[PDB]
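For reference, the chain that follows is the form solved without its partner chain, supplied as structure tokens.
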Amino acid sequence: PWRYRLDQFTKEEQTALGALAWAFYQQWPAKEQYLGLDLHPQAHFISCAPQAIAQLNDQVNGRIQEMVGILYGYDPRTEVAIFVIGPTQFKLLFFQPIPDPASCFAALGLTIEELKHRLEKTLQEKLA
């Protein structure tokens, strides 16, 4: 069950996802881009524009409206919001890591590339 696997992935890799989210927030401080995750054909992080997400919600007739609100409204300084494109539907990873995303980035010491590379391999292994 891919949705369940993502939920466990969020808990198991809470720190690394906090670090990746913080680095992405620094690159896009005005939330011009949302951190994305496409599972097809392989799990890899992407960048989603709010226009693209709005169009995606139009294609589904408002069924991901609450994801659009959370993406608009979430606070990157404490909250992680990752948009996941699944094979059957969309999923939003929404949580507050402990410690805060900036502290996660500081504790790990990894760059954004090493964070994506480490996390994508881990997620790909869990999905199969």
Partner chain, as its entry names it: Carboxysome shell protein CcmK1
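Residues that one form lacks are left out of the comparison. Rigid core here is just the name for the largest C-alpha set that superposes within 1.5 Å across the two forms. Positions refer to the first chain, counted from 1.
In this entry, 113 to 121 has the higher mean Cα B-factor, the comparison being between 14 to 22 and 113 to 121. Judged by mean Cα B factor in the deposited record, 43 to 51 ranks above the other of 92 to 100 and 43 to 51. Per-chain ranking of the deposited C-alpha B factor places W28 in the highest third.
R3 sits in the lowest third of its chain by CA B factor, as recorded in the PDB entry. In the deposited entry, the Cα temperature factor of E66 sits in the top third of values across the chain's modelled residues. Split the chain's modelled residues into thirds by C-alpha temperature factor. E79 is in the lowest one.
What comes next is about the form solved in complex with its partner chain, which does not appear here.
In the entry with it bound, its partner chain stays beyond 4.5 Å of every heavy atom belonging to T15. Contact check for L35: a heavy atom falls within 4.5 Å of its partner chain in the entry with it bound.
Of the heavy atoms in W22, none are within 4.5 Å of its partner chain in the entry with it bound.
Proximity of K116 to its partner chain in the entry with it bound falls within the 4.5 Å heavy atom cutoff. Annotation for 66 to 97: interface residues with its partner chain in the entry with it bound are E66, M67, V68, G69, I70, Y72, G73, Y74, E79, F83, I85, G86, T88, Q89, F90, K91, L92, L93, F94, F95, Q96 [heavy atom within 4.5 Å].
Core-based superposition between this form and the one not shown shows that, of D75, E32, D58, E66, only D58 has its Cα displaced by 2 Å or more.
Where the rigid core is used as the reference frame, a consecutive stretch of 3+ residues with C-alpha displacements of 2 Å or more between this form and the one not shown occurs only at 58 to 61.
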